[PDB]
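Visitor: Following this message is one structure expressed as structure tokens.
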Amino acid sequence: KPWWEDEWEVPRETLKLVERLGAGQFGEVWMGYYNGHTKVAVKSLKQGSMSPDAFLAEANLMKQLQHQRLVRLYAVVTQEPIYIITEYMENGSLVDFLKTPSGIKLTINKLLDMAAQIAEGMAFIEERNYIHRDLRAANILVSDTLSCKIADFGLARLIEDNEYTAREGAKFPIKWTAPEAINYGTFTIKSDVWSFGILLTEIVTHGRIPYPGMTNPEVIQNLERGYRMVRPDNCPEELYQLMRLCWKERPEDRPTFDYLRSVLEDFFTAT
Ligand SMILES: COc1cc(Nc2nn3c(NCC(C)(C)N)cc(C4CC4)nc3c2C(N)=O)cc(OC)c1
């Protein structure tokens, strides 16, 4: 729809950027207020860094993925400077929050609770026929009630045949990304499952880098021998075996997010 009929377009004055949370090559992230009283996050595009259509495509993907377990789209401003406005999460990214005094005091039980919540959200994405493509703790946000939501949907894609294929020069984070997407550019929901397995380690280690002590080429080589990540410190053997399911050789042998979600709630109500 044209901006004048767009239910998502808002006039810029309704917004007040208060605190800049982050800044980078492509824009800034602010805490702000909508119409005075409502805390919101505001993503703003650095003019010239990328096309506005490229930027705005994030807000169009989010429009299609509405669910309590995913970060909710709020509005857009489509005249420069371009804004994407969303649900505000007070405890920031999962990987940062796990390092704070609060985060450190969390039981394994609450940790498993959060794992289940993230899996619950990926269960919704999966059934909507989407993939995320960048699932990892840095892309999980935390609420003021220690709730978890999936975020950063820029790489998300609609699957009509469960397989999106990236450019031949496209690069992705090697430690978080399934072999087949690394090797062939082929992304399925089962690639997200492999990444979720990696995510489970960050959770149990409070935001530590996966495959401790290893370079990217070492990870590739070890994985190709049939090894997987060494058991993290303070990681229940049950969870580790759920990680191993996530990291199976054949994409199709890895579990659905619905299964992972059901298992982790069992783990959690058992602790
Ligand atoms: C990073 O530092 C902080 C960020 C935030 N908030 C946020 N960062 N953040 C992103 N940042 C990028 C990410 C961290 C998710 N990779 C990406 C997205 C996508 C657009 C929904 N949303 C957000 C929010 C949000 N919706 O609240 C809050 C903090 O409070 C202490 C600290």
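So you can find residues: chains in the structure tokens are A, B, ... in the order shown, residues in each start at 1, and ligands are numbered from 1 in order.
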Tell me, which residues of region 32-254 of chain A carry DSSP strand (DSSP E or B), written as a ChimeraX atom specification?

Guide: /A:32-34,38-45,47,50,70,73-77,83-87,93,130-131,140-142,148-150,157-158,164-165,186-187

Visitor: Take the residues from that selection and write them out as an mmCIF file, in the first residue's frame, keeping C-alpha atoms.

Guide:
data_model
loop_
_atom_site.group_PDB
_atom_site.id
_atom_site.type_symbol
_atom_site.label_atom_id
_atom_site.label_comp_id
_atom_site.auth_asym_id
_atom_site.auth_seq_id
_atom_site.Cartn_x
_atom_site.Cartn_y
_atom_site.Cartn_z
ATOM 1 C CA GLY A 32 12.559 6.194 22.254
ATOM 2 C CA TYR A 33 8.960 7.130 23.007
ATOM 3 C CA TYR A 34 5.919 7.020 20.744
ATOM 4 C CA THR A 38 5.168 4.164 24.908
ATOM 5 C CA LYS A 39 8.756 2.927 25.019
ATOM 6 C CA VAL A 40 9.917 1.808 21.567
ATOM 7 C CA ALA A 41 13.058 0.770 19.754
ATOM 8 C CA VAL A 42 13.887 2.828 16.647
ATOM 9 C CA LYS A 43 16.138 1.532 13.868
ATOM 10 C CA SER A 44 17.296 4.375 11.618
ATOM 11 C CA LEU A 45 19.101 3.954 8.297
ATOM 12 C CA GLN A 47 21.658 7.564 4.363
ATOM 13 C CA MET A 50 22.128 0.976 1.670
ATOM 14 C CA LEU A 70 8.928 -12.622 17.990
ATOM 15 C CA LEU A 73 6.714 -4.472 14.361
ATOM 16 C CA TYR A 74 5.218 -1.117 15.315
ATOM 17 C CA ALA A 75 5.507 1.379 12.474
ATOM 18 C CA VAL A 76 7.713 2.825 9.759
ATOM 19 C CA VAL A 77 8.682 6.298 8.585
ATOM 20 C CA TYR A 83 12.905 4.581 10.468
ATOM 21 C CA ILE A 84 11.828 1.102 11.503
ATOM 22 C CA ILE A 85 9.997 1.183 14.842
ATOM 23 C CA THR A 86 9.310 -1.873 17.021
ATOM 24 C CA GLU A 87 8.508 -3.442 20.378
ATOM 25 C CA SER A 93 20.381 -9.030 23.690
ATOM 26 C CA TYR A 130 9.938 -18.948 6.900
ATOM 27 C CA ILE A 131 13.583 -19.398 7.811
ATOM 28 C CA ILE A 140 17.630 -12.959 20.877
ATOM 29 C CA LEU A 141 16.282 -10.086 22.955
ATOM 30 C CA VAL A 142 15.130 -10.141 26.570
ATOM 31 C CA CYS A 148 12.798 -14.017 25.171
ATOM 32 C CA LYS A 149 11.985 -12.935 21.634
ATOM 33 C CA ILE A 150 13.560 -13.517 18.217
ATOM 34 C CA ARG A 157 13.061 -15.528 3.725
ATOM 35 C CA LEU A 158 9.764 -17.051 2.633
ATOM 36 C CA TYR A 164 16.499 -20.585 -0.341
ATOM 37 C CA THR A 165 19.835 -20.376 -2.158
ATOM 38 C CA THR A 186 21.418 -23.854 0.658
ATOM 39 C CA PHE A 187 19.248 -22.731 3.607
#

Visitor: Using only C-alpha atoms and all ligand atoms, which residues have at least one atom no more than 6 Å from ligand 1? Output them as a ChimeraX atom specification.

Guide: /A:21-22,41,71,86-93,138-139,151-152

Visitor: Keeping only N, CA and C atoms, write those residues as a CSV table (one decimal), in the first residue's frame.

Guide:
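Dumped to out-v5.csv:
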chain,number,residue,atom,x,y,z
A,21,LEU,N,21.3,3.2,21.5
A,21,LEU,CA,21.8,1.9,22.1
A,21,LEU,C,23.0,1.4,21.3
A,22,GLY,N,22.9,1.5,20.0
A,22,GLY,CA,24.0,1.0,19.1
A,22,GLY,C,24.1,1.9,17.8
A,41,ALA,N,11.8,0.8,20.4
A,41,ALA,CA,13.1,0.8,19.8
A,41,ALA,C,12.9,1.4,18.4
A,71,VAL,N,9.8,-10.3,18.0
A,71,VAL,CA,9.7,-8.9,18.3
A,71,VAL,C,8.7,-8.2,17.4
A,86,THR,N,9.8,-0.6,16.5
A,86,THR,CA,9.3,-1.9,17.0
A,86,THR,C,9.1,-1.9,18.5
A,87,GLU,N,8.5,-3.0,19.0
A,87,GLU,CA,8.5,-3.4,20.4
A,87,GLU,C,9.9,-3.2,21.0
A,88,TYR,N,9.9,-2.7,22.2
A,88,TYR,CA,11.1,-2.4,23.0
A,88,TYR,C,11.4,-3.5,24.0
A,89,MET,N,12.6,-4.0,24.0
A,89,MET,CA,13.0,-5.0,25.0
A,89,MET,C,14.1,-4.5,26.0
A,90,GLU,N,13.7,-4.4,27.3
A,90,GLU,CA,14.4,-3.7,28.3
A,90,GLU,C,15.8,-4.4,28.7
A,91,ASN,N,15.9,-5.7,28.5
A,91,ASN,CA,17.1,-6.3,28.9
A,91,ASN,C,18.1,-6.6,27.8
A,92,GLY,N,17.8,-6.0,26.6
A,92,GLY,CA,18.8,-6.1,25.5
A,92,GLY,C,18.9,-7.5,24.9
A,93,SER,N,20.1,-7.7,24.3
A,93,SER,CA,20.4,-9.0,23.7
A,93,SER,C,20.7,-10.1,24.7
A,138,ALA,N,23.1,-13.4,20.1
A,138,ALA,CA,23.1,-11.9,19.8
A,138,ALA,C,21.8,-11.4,19.2
A,139,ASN,N,21.0,-12.4,18.6
A,139,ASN,CA,19.8,-12.0,17.9
A,139,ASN,C,18.5,-12.3,18.7
A,151,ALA,N,14.7,-11.7,17.0
A,151,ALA,CA,14.8,-10.4,16.4
A,151,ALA,C,15.7,-10.4,15.2
A,152,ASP,N,16.0,-9.3,14.6
A,152,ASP,CA,16.9,-9.1,13.5
A,152,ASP,C,16.5,-10.0,12.3

Visitor: Name the residues in contact with residue 109 (chain A) at a cut-off of 10 Å, using only C-alpha atoms, excluding same-chain residues fewer than 3 positions from it; report them as a PyMOL selection string.

Guide: chain A and resi 106+112-115+264-265+267-271

Visitor: With only C-alpha atoms counted and 9 Å as the cut-off, give the residues of region 87-185 of chain A in contact with region 217-239 of chain A, each with its shortest interatomic distance in Å and the pair that gives it, as a tab-separated table.

Guide:
residue	atom	partner	partner_atom	distance
A:108	CA	A:236	CA	8.7
A:112	CA	A:239	CA	8.8
A:174	CA	A:220	CA	8.3
A:175	CA	A:219	CA	7.3
A:179	CA	A:220	CA	8.1

Visitor: I need the residues in region 40-236 of chain A that are helix (DSSP H, G or I) according to DSSP; give them as a PyMOL selection string.

Guide: chain A and resi 52-64+94-97+101-104+108-127+137-139+179-184+189-204+216-224

Visitor: Env of region 56-63 of chain A: 6 Å cut, atoms = only C-alpha atoms, seq-sep filter 2 positions within chain, self excluded. Answer as a ChimeraX atom specification.

Guide: /A:52-54,65,153-154

Visitor: For the atom pair CA of residue 202 (chain A) and CA of residue 95 (chain A), what is the interatomic distance in Å to one decimal place?

Guide: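 Between CA of residue 202 (chain A) and CA of residue 95 (chain A) the gap works out to 7.2 Å.
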
Visitor: Could you check which of A:216, A:183, A:205, A:191 is closest to residue 255 (chain A), using only C-alpha atoms?

Guide: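 Of A:216, A:183, A:205, A:191, the one nearest residue 255 (chain A) is A:191, counting only C-alpha atoms.
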
Visitor: Which one is closest to residue 121 (chain A): A:206, A:67, A:244, A:46? Count only C-alpha atoms.

Guide: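 Of A:206, A:67, A:244, A:46, the one nearest residue 121 (chain A), counting only C-alpha atoms, is A:67.
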